[PDB]
Amino acid sequence: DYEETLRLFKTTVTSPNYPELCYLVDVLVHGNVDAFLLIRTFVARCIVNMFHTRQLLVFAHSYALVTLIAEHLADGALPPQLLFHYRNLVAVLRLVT
Amino acid sequence: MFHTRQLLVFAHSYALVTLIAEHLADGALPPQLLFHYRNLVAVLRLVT
């Protein structure tokens, strides 16, 4: 069962309220690992503050961002539910492959 | 209006409904009301 996480992802993607910086940070991170490691606090505050103020989660659009969130941000600095959502997405990819 | 009266407000006409979930969405509101109006515009998109 992943229908709830996929439903939330659908709400995020088909929403014009997607925050501008999410693209900009996707470009500057460039999918580079330690580059994402250096920006950990900013993305952690951004995802919790966004999810609390608006239900749609952020940085779901780019695969590199999703994978780097799921691995390196998992160490902490995030309430477990959002990390669990991202891990469920990555597990959905693993099930598909 | 929503909190006291239990009815949402400015739903009676298209211009207000379409402007609320494009320009007012940036903050300033609880998620539930904004998503009610976004659901109304999404219903319009589905039906068209």
# chains A, B, ... in the order shown; residues from 1 in each chain; ligands from 1
$ interface_residues --of "chain A" --to "chain B" --cutoff "9 Å" --atoms "only C-alpha atoms" --output "PyMOL selection string"
chain A and resi 15-17+19+52-55
$ write_last_selection --atoms "N, CA, C and O atoms" --output "PDB file, in the first residue's frame"
ATOM      1  N   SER A  15      -0.137  21.407  -8.493  1.00  0.00           N
ATOM      2  CA  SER A  15      -0.421  22.562  -7.658  1.00  0.00           C
ATOM      3  C   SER A  15       0.407  23.744  -8.151  1.00  0.00           C
ATOM      4  O   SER A  15       1.644  23.646  -8.226  1.00  0.00           O
ATOM      5  N   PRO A  16      -0.225  24.870  -8.495  1.00  0.00           N
ATOM      6  CA  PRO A  16       0.544  26.044  -8.931  1.00  0.00           C
ATOM      7  C   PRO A  16       1.284  26.745  -7.804  1.00  0.00           C
ATOM      8  O   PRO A  16       2.076  27.654  -8.084  1.00  0.00           O
ATOM      9  N   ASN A  17       1.057  26.356  -6.552  1.00  0.00           N
ATOM     10  CA  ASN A  17       1.717  26.969  -5.406  1.00  0.00           C
ATOM     11  C   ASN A  17       3.092  26.377  -5.126  1.00  0.00           C
ATOM     12  O   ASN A  17       3.595  26.521  -4.006  1.00  0.00           O
ATOM     13  N   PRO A  19       6.909  26.219  -4.693  1.00  0.00           N
ATOM     14  CA  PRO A  19       7.756  27.363  -4.350  1.00  0.00           C
ATOM     15  C   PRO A  19       8.948  27.536  -5.301  1.00  0.00           C
ATOM     16  O   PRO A  19       9.661  26.583  -5.593  1.00  0.00           O
ATOM     17  N   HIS A  52       4.079  22.402   6.822  1.00  0.00           N
ATOM     18  CA  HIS A  52       3.171  22.927   7.837  1.00  0.00           C
ATOM     19  C   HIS A  52       2.287  24.038   7.274  1.00  0.00           C
ATOM     20  O   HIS A  52       1.072  24.048   7.502  1.00  0.00           O
ATOM     21  N   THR A  53       2.837  25.024   6.559  1.00  0.00           N
ATOM     22  CA  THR A  53       2.023  26.152   6.067  1.00  0.00           C
ATOM     23  C   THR A  53       1.106  25.769   4.901  1.00  0.00           C
ATOM     24  O   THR A  53      -0.028  26.237   4.820  1.00  0.00           O
ATOM     25  N   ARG A  54       1.558  24.875   4.014  1.00  0.00           N
ATOM     26  CA  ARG A  54       0.814  24.313   2.879  1.00  0.00           C
ATOM     27  C   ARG A  54       1.075  22.802   2.791  1.00  0.00           C
ATOM     28  O   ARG A  54       2.203  22.346   2.833  1.00  0.00           O
ATOM     29  N   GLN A  55       0.036  22.001   2.595  1.00  0.00           N
ATOM     30  CA  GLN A  55       0.094  20.545   2.693  1.00  0.00           C
ATOM     31  C   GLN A  55       1.024  19.908   1.667  1.00  0.00           C
ATOM     32  O   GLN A  55       1.528  18.807   1.915  1.00  0.00           O
TER      33      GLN A  55
END
$ residues_around --residues "range 12-15 of chain B" --least-positions-apart "4" --cutoff "10 Å" --atoms "only C-alpha atoms" --output "ChimeraX atom specification"
/B:19-20,41
$ write_last_selection --atoms "C-alpha atoms" --output "mmCIF file, in the first residue's frame"
data_model
loop_
_atom_site.group_PDB
_atom_site.id
_atom_site.type_symbol
_atom_site.label_atom_id
_atom_site.label_comp_id
_atom_site.auth_asym_id
_atom_site.auth_seq_id
_atom_site.Cartn_x
_atom_site.Cartn_y
_atom_site.Cartn_z
ATOM 1 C CA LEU B 19 -7.965 34.982 -7.912
ATOM 2 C CA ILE B 20 -7.927 33.523 -4.362
ATOM 3 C CA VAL B 41 -11.033 25.425 -9.620
#
$ atom_distance --atom1 "CA of residue 4 in chain A" --atom2 "CA of residue 7 in chain B"
28.2 Å
$ atom_distance --atom1 "CA of residue 41 in chain A" --atom2 "CA of residue 2 in chain A"
28.0 Å
$ atom_distance --atom1 "CA of residue 50 in chain A" --atom2 "CA of residue 70 in chain A"
17.3 Å
$ residues_around --residues "range 78-86 of chain A" --least-positions-apart "4" --cutoff "8 Å" --atoms "only C-alpha atoms" --output "ChimeraX atom specification"
/A:5,44,48,66,69-70,73-74,90
$ residues_around --residues "residue 11 in chain B" --least-positions-apart "4" --cutoff "9 Å" --atoms "only C-alpha atoms" --output "PDB file with N, CA, C and O atoms, in the first residue's frame"
ATOM      1  N   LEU B  16     -13.458  36.191  -7.940  1.00  0.00           N
ATOM      2  CA  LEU B  16     -12.908  36.020  -6.608  1.00  0.00           C
ATOM      3  C   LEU B  16     -12.373  34.606  -6.421  1.00  0.00           C
ATOM      4  O   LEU B  16     -11.237  34.438  -5.990  1.00  0.00           O
ATOM      5  N   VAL B  17     -13.129  33.582  -6.816  1.00  0.00           N
ATOM      6  CA  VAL B  17     -12.675  32.197  -6.652  1.00  0.00           C
ATOM      7  C   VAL B  17     -11.375  31.941  -7.407  1.00  0.00           C
ATOM      8  O   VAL B  17     -10.451  31.333  -6.859  1.00  0.00           O
ATOM      9  N   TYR B  37     -10.873  26.144  -2.210  1.00  0.00           N
ATOM     10  CA  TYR B  37     -10.995  26.943  -3.434  1.00  0.00           C
ATOM     11  C   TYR B  37     -10.177  26.368  -4.564  1.00  0.00           C
ATOM     12  O   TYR B  37     -10.626  26.354  -5.707  1.00  0.00           O
TER      13      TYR B  37
END
$ select_by_dssp --residues "chain B" --states "helix (DSSP H, G or I)" --output "count of residues only"
34
